[PDB]
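Q: Structure incoming, see below.
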Amino acid sequence: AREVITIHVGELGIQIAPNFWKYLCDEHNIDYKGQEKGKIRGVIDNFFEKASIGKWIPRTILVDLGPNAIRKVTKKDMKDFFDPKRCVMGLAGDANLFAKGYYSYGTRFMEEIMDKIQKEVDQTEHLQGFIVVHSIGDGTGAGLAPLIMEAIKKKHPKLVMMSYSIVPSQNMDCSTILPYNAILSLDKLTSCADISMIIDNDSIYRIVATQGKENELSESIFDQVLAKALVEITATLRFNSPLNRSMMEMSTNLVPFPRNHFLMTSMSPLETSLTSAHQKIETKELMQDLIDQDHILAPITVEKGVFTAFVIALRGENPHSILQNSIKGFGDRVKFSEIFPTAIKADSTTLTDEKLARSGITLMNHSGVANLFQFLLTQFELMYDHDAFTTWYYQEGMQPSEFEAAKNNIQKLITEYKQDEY
Amino acid sequence: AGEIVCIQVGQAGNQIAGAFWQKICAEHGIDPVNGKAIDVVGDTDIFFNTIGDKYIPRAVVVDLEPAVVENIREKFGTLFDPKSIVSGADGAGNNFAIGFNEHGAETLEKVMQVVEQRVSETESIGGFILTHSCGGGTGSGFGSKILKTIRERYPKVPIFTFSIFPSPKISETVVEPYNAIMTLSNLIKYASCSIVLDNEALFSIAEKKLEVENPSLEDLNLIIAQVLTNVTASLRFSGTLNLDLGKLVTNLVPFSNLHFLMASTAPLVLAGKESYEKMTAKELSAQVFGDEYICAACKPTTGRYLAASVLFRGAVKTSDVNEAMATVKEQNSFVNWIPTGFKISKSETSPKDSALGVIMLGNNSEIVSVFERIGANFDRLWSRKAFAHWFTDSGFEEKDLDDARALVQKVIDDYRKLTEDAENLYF
Amino acid sequence: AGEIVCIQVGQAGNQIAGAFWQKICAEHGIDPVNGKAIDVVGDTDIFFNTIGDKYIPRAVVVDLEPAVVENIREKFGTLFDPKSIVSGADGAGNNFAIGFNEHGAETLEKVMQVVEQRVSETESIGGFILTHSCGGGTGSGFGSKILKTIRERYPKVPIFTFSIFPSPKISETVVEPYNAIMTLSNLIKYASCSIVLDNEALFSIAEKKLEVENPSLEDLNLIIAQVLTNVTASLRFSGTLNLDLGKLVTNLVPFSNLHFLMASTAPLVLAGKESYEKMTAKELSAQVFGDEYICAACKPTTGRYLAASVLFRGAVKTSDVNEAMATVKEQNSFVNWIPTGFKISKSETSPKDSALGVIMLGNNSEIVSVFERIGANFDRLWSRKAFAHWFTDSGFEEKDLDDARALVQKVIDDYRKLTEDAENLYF
Ligand SMILES: Nc1nc2c(ncn2[C@@H]2O[C@H](COP(=O)(O)OP(=O)(O)O)[C@@H](O)[C@H]2O)c(=O)[nH]1
Ligand SMILES: Nc1nc2c(ncn2[C@@H]2O[C@H](COP(=O)(O)OP(=O)(O)O)[C@@H](O)[C@H]2O)c(=O)[nH]1
């Protein structure tokens with residue numbers, strides 16, 4: 001079993017954990033106590049460790065510079081599921097600064113963190129890779145997640161590392177220093193991860209609100225959508241799928257150059273509870289929905305930008321003759337460079353959710369990511385050039401040239417993604 | 001971890017903090033006059049030291065007054081631990097110089113020993129909160145020496161001060177502007193954040209938003225206490241995502257000397273089901289950002305914001321927060337360089353007298369008008385040297401009175417220059 | 001075969017048991033003030049000795065009080081047989097040492113003769129039930145000597161004790177913690193199971209779950225009696241599958257010294273059709289396991305269970321029991337070694353005032369908080385030796401007061417250690 005180790009870093013990555021792990025528990029027929037619930041299905045071993053007893057243990061580590069995200073997750077939301085010896089807690093938190101997560105505070109926990117990671121690594125014969133789930137907003141997520149990633153890559157250089165980077169909103173999750181942490185941490189993700197998924201919370205809020213225009217939803221829906229997208233990305237790593245069979249294949253399929261690894265996603269039906277009653281989603285509509293504006297979890301229109309890679313992973317019966325006509329029917333909405341064939345790959349895997357006829361998710365390497373980076377970079381520059389809030393970072397060791405370096409690296413990254421636009 | 005030590009200095013400081021502690025004890029489920037509880041909720045460890053079944057509020061109670069302990073037993077029962085109460089010998093007669101210079105070395109050493117014990121019963125220090133009044137003789141001068149002393153012993157720890165400034169129209173004593181400037185000079189140098197409150201604003205609120213007829217200071221303190229309990233909700237009720245004092249300093253203070261904040265809350269409800277279930281986040285945001293709930297003599301809708309934060313309590317819908325805040329961004333005025341404007345947070349636990357509630361804090365350039373009025377009153381008295389002998393015969397030089405004024409003017413000039421420059425930072 | 005002999009000791013013991021007997025007589029169809037019946041239902045032989053058309057409850061009524069028989073005739077008519085009532089001469093003035101040491105050999109011998117006669121009219125002894133109050137002078141000391149004496153004469157027979165412990169907040173007498181610890185020490189050594197009840201919990205229930213305004217002890221005893229009648233339903237109404245006292249001891253007590261159980265019931269209905277037909281097993285399970293119906297000053301949803309049992313009464317669907325219990329297992333916390341958690345039973349016969357009802361019992365580690373409070377109150381009084389002369393001048397040595405305390409602490413330490421170790425027994 002090619003086993004994956006999942007690490008949740010920061011208050012949001014931890015907030016997500018109970019939704020992510022409950023989906024996996026139900027998907028594979030395991031209860032929330034780790035007990036088997038009937039017949040186990042899928043390659044359970046890839047995400048769960050088998051205990052000396054009948055219990056399955058999520059193969060995961062929770063990291064928080066304060067005590068609170070972990071305390072709520074392991075004591076109130078999903079009791080007895082997470083192993084307490086795999087939880088790392090600090091006391092001070094991060095004061096919302098990148099500087100604490102990466103230079104002044106979070107560094108004292110690296111021996112503890114790498115020790116716990118090795119204990120988890122030592123339990124597996126065939127380790128495929130790591131998934132690091134983190135916010136790029138707050139200092140713990142923005143700071144430690146790259147600190148952890150670098151420590152792992154220097155010890156286990158042959159593994160594939162994937163990050164799930166969550167970009168906070170400009171409204172419900174906003175912060176007055178968001179642009180500093182976002183640029184300072186993109187600068188490190190650029191050299192740290194092999195694959196980096198970008199999920200934009202503002203897209204989630206407007207997409208769910210659109211789907212919910214007819215009803216009252218639930219406040220839990222925003223977290224369920226964010227958690228589900230990770231579960232679906234990973235579906236092919238858990239079931240014997242004819243696609244993204246392994247993390248190494250995701251890397252070879254989607255990332256042509258070491259720096260161009262930032263990926264976008266699209267998902268349909270977003271959540272089962274959003275699409276209820278008569279939901280006979282025919283193979284034809286599902287593929288049109290996946291390139292629709294209201295299914296893309298980014299401020300990206302596929303028609304406005306250029307594709308470098310595009311993989312569509314469906315679940316349930318999806319006849320191949322339909323998938324091919326749907327792709328041909330994309331026309332010029334899905335366009336690549338003249339140095340590439342229109343390398344759009346699609347197929348389907350096993351469905352576990354008894355309420356849905358079919359579903360799917362896509363992974364896109366598209367130039368539109370550059371627009372998010374430029375948006376955040378412009379905000380960074382307005383603040384930086386007039387020293388807003390820089391004293392708080394300088395006080396913890398961020399010599400000013402550190403900010404200048406991040407500024408230049410991101411402008412170069414934006415420039416490179418837009419090369420095919422010109 | 002984010003444990004809080006409160007310091008209460010002087011009569012106003014003790015009465016305001018008293019109202020706070022008794023409201024905190026209602027939300028957590030503790031007896032306000034005994035400290036005894038069986039079943040409590042929330043993270044009580046942030047503010048209380050629990051021994052057996054008694055929850056002891058972590059506070060240092062300070063006065064210069066000869067019988068401060070008895071004065072507390074009579075109103076607060078046994079809620080406060082007498083070992084934390086520091087009594088004085090004579091008192092400061094509304095004279096900053098007595099609270100600041102001629103207080104007695106022993107008085108200050110005892111206060112510091114009490115503070116050290118309170119910080120010694122913590123796994124970590126989350127911050128200090130100082131409650132006081134700028135026109136007094138102990139809450140001004142002694143409270144100021146305490147900020148100096150605390151910041152020297154514990155640098156890099158967020159100190160929040162809540163203080164009463166002179167009222168805009170009528171004044172209390174003639175000496176009040178001298179006490180107010182020197183207090184402000186020390187707040188400028190030592191606090192991480194300061195919340196500016198005054199009684200004129202609070203009285204208008206008490207008479208128009210509360211149902212109470214002919215309110216006294218006892219009622220007025222429930223508005224201040226409501227600001228204090230709401231600003232600490234996320235700390236007390238945890239949550240996966242939350243706000244500590246260090247989150248507020250990082251997000252609201254763009255420069256080290258522009259930390260003076262305005263505060264506003266709604267709804268204001270006196271104990272009992274006297275409220276109405278408006279249940280609308282949109283209405284509460286519209287109210288908290290209006291001028292009618294501002295707890296200081298200023299008019300924020302006519303100024304410009306450097307930053308602001310909003311904490312929503314109770315079962316507030318995400319969708320309403322986003323729409324409500326969109327309205328706020330469209331109606332108000334912000335400075336371009338800070339491009340995101342706000343810090344937004346939610347805590348699902350309701351205040352005891354309302355299902356929903358909102359607290360807002362922020363940096364509004366309008367605040368200089370408070371400081372400018374104080375400055376001008378001082379300048380006229382200072383030029384004529386009226387009541388001045390009371391400060392120079394108590395250890396100050398004219399130089400100290402002049403330097404304190406100069407520091408205050410520097411802050412005013414920095415807020416105003418930034419605000420005027422801002423009009424063209426958009427072109 | 002599973003015949004039950006009840007022993008009632010002291011005033012509280014007699015009033016609580018009295019309420020029980022009168023409710024039992026309503027479900028079986030017997031006149032509560034005469035014992036006379038023509039047509040009865042259920043297995044009346046478990047609790048009553050039937051002679052002619054009179055059903056005589058099998059109970060030993062014990063006091064030290066000079067006129068206990070007359071005091072019973074006035075409230076219970078002729079339901080109890082006077083030959084089973086043991087009167088005293090002086091009384092124990094809330095002093096364990098008088099009930100335990102200085103009671104009179106003759107008083108105890110008569111109680112034992114009455115017990116022997118009651119066990120001599122049985123084909124088999126199913127168990128004994130003792131009803132009493134830990135802070136009294138007879139229900140504590142004399143009731144304790146009776147447990148010692150009964151267990152020595154009839155070892156291997158399940159003794160269940162139902163007892164009132166001090167309330168968590170206010171206390172009755174200053175001597176109460178001495179009486180409570182020595183009573184607890186003897187419960188630890190001699191009972192098979194003990195149900196911990198107290199008045200503070202019961203009053204909150206009486207004021208919030210019952211419709212009665214300003215309830216007295218007379219109303220409070222109907223909550224205790226409801227616990228007692230429901231816990232004996234399977235015994236009284238038979239069934240192919242059922243629960244005797246020996247089934248409860250085997251299933252709920254994993255170690256010989258951890259037999260202290262919590263009890264909870266719902267719905268609570270006063271005689272008359274004042275109830276509502278909720279008819280839902282799911283709702284009753286949600287309620288019985290919440291904190292609001294617990295009859296002791298503890299908060300079980302925050303602790304960990306070693307074992308628990310649930311008895312459903314009336315026309316409860318199997319399907320709802322399974323779903324309802326699945327919810328309970330998901331929401332609560334259990335210790336890993338005991339892997340099955342529960343003992344579940346059903347009795348198809350409805351309680352007289354509701355079609356459905358549920359009783360739950362269990363071992364929740366939270367129970368130590370009751371014992372810890374008692375321990376601490378004792379330690380403070382014991383250290384100062386206040387009211388101590390009353391125990392040592394009545395035959396106890398300081399050694400006995402200290403050993404009783406030590407045994408109580410052993411039980412507390414065993415519950416707490418097990419509970420803390422439990423967190424890692426899952427990895
Ligand atoms: N809001 C509020 N203001 C108060 C209260 N008590 C006093 N004040 C204000 O605080 C100012 C200074 O008070 P003072 O009694 O001289 O304090 P002290 O000398 O430092 O102990 C007064 O002039 C009032 O304007 C109170 O209970 N609440
Ligand atoms: N629930 C309940 N509690 C009672 C009742 N009567 C007394 N109590 C409690 O039992 C405690 C001890 O009672 P006491 O009269 O001294 O009994 P005795 O000396 O052993 O006969 C009192 O302090 C009360 O708290 C009753 O009818 N029901």
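Please note that chains go A, B, ... in the order of the structure tokens, that every chain numbers its residues from 1, and that ligands are numbered from 1 in the order shown.
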Per residue of chain B within 9 Å of ligand 1, note the shortest atom pair and the distance in Å to one decimal, counting only C-alpha atoms and all ligand atoms, and order the rows by chain and increasing residue number, as a tab-separated table.
A:
residue	atom	partner	partner_atom_place_in_ligand_line	distance
B:9	CA	ligand 1	20 (O)	7.1
B:10	CA	ligand 1	21 (O)	3.7
B:11	CA	ligand 1	21 (O)	3.9
B:12	CA	ligand 1	6 (N)	4.1
B:13	CA	ligand 1	21 (O)	7.5
B:14	CA	ligand 1	27 (O)	8.0
B:15	CA	ligand 1	27 (O)	5.1
B:16	CA	ligand 1	28 (N)	5.8
B:63	CA	ligand 1	21 (O)	7.1
B:64	CA	ligand 1	21 (O)	7.9
B:65	CA	ligand 1	21 (O)	7.9
B:91	CA	ligand 1	19 (O)	7.9
B:92	CA	ligand 1	19 (O)	6.3
B:93	CA	ligand 1	19 (O)	6.5
B:94	CA	ligand 1	19 (O)	5.2
B:95	CA	ligand 1	19 (O)	7.9
B:96	CA	ligand 1	20 (O)	8.8
B:99	CA	ligand 1	20 (O)	8.3
B:132	CA	ligand 1	20 (O)	7.2
B:133	CA	ligand 1	10 (O)	5.0
B:134	CA	ligand 1	12 (C)	6.6
B:135	CA	ligand 1	12 (C)	4.8
B:136	CA	ligand 1	20 (O)	3.4
B:137	CA	ligand 1	19 (O)	4.0
B:138	CA	ligand 1	20 (O)	3.9
B:139	CA	ligand 1	20 (O)	3.8
B:140	CA	ligand 1	20 (O)	5.9
B:141	CA	ligand 1	20 (O)	8.0
B:142	CA	ligand 1	20 (O)	8.3
B:143	CA	ligand 1	20 (O)	8.4
B:163	CA	ligand 1	1 (N)	9.0
B:164	CA	ligand 1	10 (O)	6.4
B:165	CA	ligand 1	25 (O)	7.8
B:166	CA	ligand 1	25 (O)	6.8
B:167	CA	ligand 1	25 (O)	7.6
B:171	CA	ligand 1	25 (O)	7.9
B:172	CA	ligand 1	23 (O)	5.2
B:173	CA	ligand 1	23 (O)	7.1
B:176	CA	ligand 1	23 (O)	8.0
B:197	CA	ligand 1	1 (N)	8.1
B:198	CA	ligand 1	1 (N)	6.8
B:199	CA	ligand 1	1 (N)	5.5
B:202	CA	ligand 1	1 (N)	7.5
B:203	CA	ligand 1	1 (N)	8.9
B:216	CA	ligand 1	27 (O)	8.8
B:217	CA	ligand 1	27 (O)	5.1
B:218	CA	ligand 1	27 (O)	6.3
B:219	CA	ligand 1	28 (N)	8.7
B:220	CA	ligand 1	1 (N)	5.8
B:221	CA	ligand 1	28 (N)	5.3
B:222	CA	ligand 1	1 (N)	8.9
B:223	CA	ligand 1	1 (N)	8.6
B:224	CA	ligand 1	1 (N)	7.1
Q: With a distance threshold of 9 Å and counting only C-alpha atoms, extract the residues of chain A near chain B and express them as an MDAnalysis selection string.
A: chainID A and resid 11:12 14:15 66:73 90:97 170:179 205 209 218:219 379:392
Q: From a backbone DSSP assignment, name each residue in segment 262-413 of chain B labelled strand (DSSP E), as an MDAnalysis selection string.
A: chainID B and resid 262:266 305:313 342:347 357:364
Q: Could those selected residues go to a file with C-alpha atoms, as a CSV table (one decimal), in the first residue's frame?
A:
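So again01.csv came out as:
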chain,number,residue,atom,x,y,z
B,262,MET,CA,-12.4,53.8,19.7
B,263,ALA,CA,-14.9,51.3,20.9
B,264,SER,CA,-18.6,50.6,20.2
B,265,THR,CA,-21.1,47.9,21.1
B,266,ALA,CA,-24.7,46.9,20.5
B,305,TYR,CA,-10.1,54.5,9.2
B,306,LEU,CA,-6.7,53.1,9.3
B,307,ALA,CA,-8.0,49.8,10.5
B,308,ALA,CA,-10.9,48.3,12.3
B,309,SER,CA,-12.1,45.1,13.8
B,310,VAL,CA,-15.5,43.5,14.3
B,311,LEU,CA,-16.3,40.7,16.5
B,312,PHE,CA,-19.7,39.0,16.1
B,313,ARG,CA,-21.2,37.0,18.8
B,342,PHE,CA,-10.7,45.0,8.6
B,343,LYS,CA,-10.1,42.2,11.0
B,344,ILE,CA,-13.2,40.0,11.3
B,345,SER,CA,-14.0,37.4,13.8
B,346,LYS,CA,-16.9,35.3,15.1
B,347,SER,CA,-17.7,33.6,18.4
B,357,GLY,CA,-24.3,41.0,19.7
B,358,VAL,CA,-21.5,43.0,18.1
B,359,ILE,CA,-18.4,44.8,19.3
B,360,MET,CA,-16.3,47.0,17.1
B,361,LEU,CA,-12.9,48.6,17.7
B,362,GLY,CA,-10.9,50.8,15.5
B,363,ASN,CA,-8.4,53.5,14.5
B,364,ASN,CA,-10.3,56.5,13.3
Q: Could you list the residues in chain C lying within 8 Å of chain B, using only C-alpha atoms, and format the result as a list in words?
A: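 Every residue meeting the condition is included here: residues 168, 169 and 299 of chain C.
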Q: Using only C-alpha atoms, which residues sit within 8 Å of segment 117-131 of chain A once same-chain residues fewer than 5 positions away are excluded, as number ranges by chain?
A: A: 1-7, 59-61, 159-164, 246-248
Q: For residue 415 of chain B, please output as number ranges by chain all residues within 12 Å (counting only C-alpha atoms; exclusion window: fewer than 2 positions along the same chain).
A: B: 254-255, 257-260, 303-306, 335, 363-369, 371-372, 408-413, 417-422
Q: Which is closer to residue 207 of chain A than all the others in A:149, A:410, A:62, A:221, using only C-alpha atoms?
A: A:221
Q: Within 12 Å of residue 108 of chain C, counting only C-alpha atoms, which residues show up once you throw out same-chain ones fewer than 4 positions away? Write them as a list in words, please.
A: residues 9, 62, 63, 64, 86, 87, 88, 99, 100, 101, 102, 103, 104, 112, 113, 114, 115, 138, 141, 142, 143, 144, 145, 146, 147, 148, 149 and 150 of chain C
Q: Give me, as an MDAnalysis selection string, the residues of segment 119-217 of chain A that a backbone DSSP run labels helix (DSSP H, G or I).
A: chainID A and resid 119:121 139:153 178:192 201:214
Q: Rounded to one decimal, what separation in Å do you get between atom CA of residue 403 of chain C and atom CA of residue 196 of chain C?
A: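 Between atom CA of residue 403 of chain C and atom CA of residue 196 of chain C the gap works out to 21.7 Å.
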Q: Can you tell me, as a PyMOL selection string, what residues are no more than 12 Å from segment 25-34 of chain C when counting only C-alpha atoms, ignoring any on the same chain fewer than 4 positions away?
A: chain C and resi 18-21+38-48+50+53-57+72-81+226+229-230+232-233+236-237+271+349-354
